[PDB]
């Protein structure tokens, strides 16, 4: 159950995800998964990042879920569950601004 996941914030807004992620104490990769405001059946993986050009900032990636069961950000790299996807991206940055590190604090 995704709702059982501590990183699953469910129905929170994009502005709220940014308010929570834009905390100076959050290292790069602080993240949360929420429902997308625009795409029904898709979620957003909101991630914090930091660099000297943009300072602390947030990126939002769309996570799709197929009826065929896979979950993915890029269709070329799919997972049997949202949990597996989070685990994979916690170990590989790939196209993300940073690999997922810890759950965002409220």
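Positions refer to the first chain, counted from 1. By rigid core we mean the largest C-alpha set that fits within 1.5 Å across both forms.
Each structure in 7 other deposited structures of this protein is fitted to the shown form on the rigid core, and of 17-25 and 81-89 the C-alphas lie farther away on average for 17-25. A fit on the rigid core, followed by a root mean square over CA positions in 7 other deposited structures of this protein, ranks 49-57 against 26-34 and picks 49-57 as the more shifted one. In this entry, the higher average B-factor at the C-alpha atoms falls on 33-41, of the pair 33-41 and 58-66. The deposited model assigns a higher average Cα B-factor to 68-76 than to the other stretch when 68-76 and 45-53 are compared. Placement of the Cα temperature factor of residue 104 within the chain: middle third of the modelled residues, per the deposited record. Per the PDB record, residue ranking by Cα B-factor puts residue 98 in the lowest third of the chain.
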